[PDB]
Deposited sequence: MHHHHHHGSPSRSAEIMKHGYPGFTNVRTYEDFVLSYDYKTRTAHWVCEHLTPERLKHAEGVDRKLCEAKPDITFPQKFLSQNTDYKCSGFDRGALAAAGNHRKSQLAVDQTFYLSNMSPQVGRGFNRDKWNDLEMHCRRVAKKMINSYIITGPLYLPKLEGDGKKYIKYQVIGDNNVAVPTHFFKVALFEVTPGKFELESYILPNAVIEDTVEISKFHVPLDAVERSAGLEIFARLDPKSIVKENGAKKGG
């Protein structure tokens, strides 16, 4: 099974899972965006298909009362940011078309984030993947607390459109790279959903995996054992 290949190293969680052609997604009825998406890449799999034949549409195999709509994002000020990236899925027109499901979208800052630094992170994972045995990428939104002036910690985020789609404060990305058979490089990033200077290197957004777990309420690469991790966030 493709899906069982994609999810070899663990399910981050089991809420409202859909297995699409080339990735697995978990959808959150409350925020109207994904809990997470998992992707599996090989050099083989990263190689006629056109993407502007694609239009974002709701995945209606989820109940309608829990759907986002293009009308939620329209004039929001945010892009429809695709967590499982179209560029990662080009072995078929279907596979790429499903990356355009709104279940796979989060409201993302456009210029200075989704169109730049977040895009740079995606391109980095793709390029590293092209010279690795297997690559596993888990992406998801976050809603992080901030201490404010009264000394109290608050989670605050905008919601948009009539369906109140959540605007994540941050996004995480965790990549597992099989370098030598049975052995892995692990890269864990948290980036703010905000304008980021192009000056900043992606490694500045490294965080320990445990931080991603706690913040997202997910078990990332549980089925995997830490002996087989040879490199962690560069080290």
Item to check | Stretches with no C-alpha position, numbering per deposited sequence from 1 | outcome: 1-10, 58-60, 249-252
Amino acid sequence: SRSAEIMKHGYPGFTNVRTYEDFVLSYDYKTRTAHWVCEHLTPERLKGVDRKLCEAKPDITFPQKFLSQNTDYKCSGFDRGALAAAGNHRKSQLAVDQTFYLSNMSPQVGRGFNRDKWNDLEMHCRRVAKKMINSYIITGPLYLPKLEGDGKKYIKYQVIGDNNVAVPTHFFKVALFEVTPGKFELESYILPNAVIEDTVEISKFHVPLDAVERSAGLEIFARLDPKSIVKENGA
From here on, numbers count along this sequence of modelled residues.
Checklist entry - Between 63-71 and 188-196, which has the higher average C-alpha B-factor in the PDB entry? => result 63-71
Item to check | Between the two ranges 136-144 and 81-89, the one averaging a larger CA B factor in the entry | outcome: 81-89
Checklist entry - Among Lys30, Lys204, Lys173, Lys47, which residue carries the highest C-alpha B-factor recorded in the PDB entry? => result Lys47
Checklist entry - Mind checking which third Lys153 falls in for C-alpha B-factor across the chain? => result lowest
Checklist outcome for this item: Tertile call for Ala222 (CA temperature factor, within chain, third-based) is the highest
Checklist outcome for this item: Of the three thirds of the chain ranked by Cα temperature factor, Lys130 occupies the highest
Checklist entry - Mind checking which third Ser103 falls in for C-alpha B-factor across the chain? => result middle
Checklist entry - Looking at the C-alpha B-factor of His40, is it in the lowest, middle or highest third of its chain? => result middle
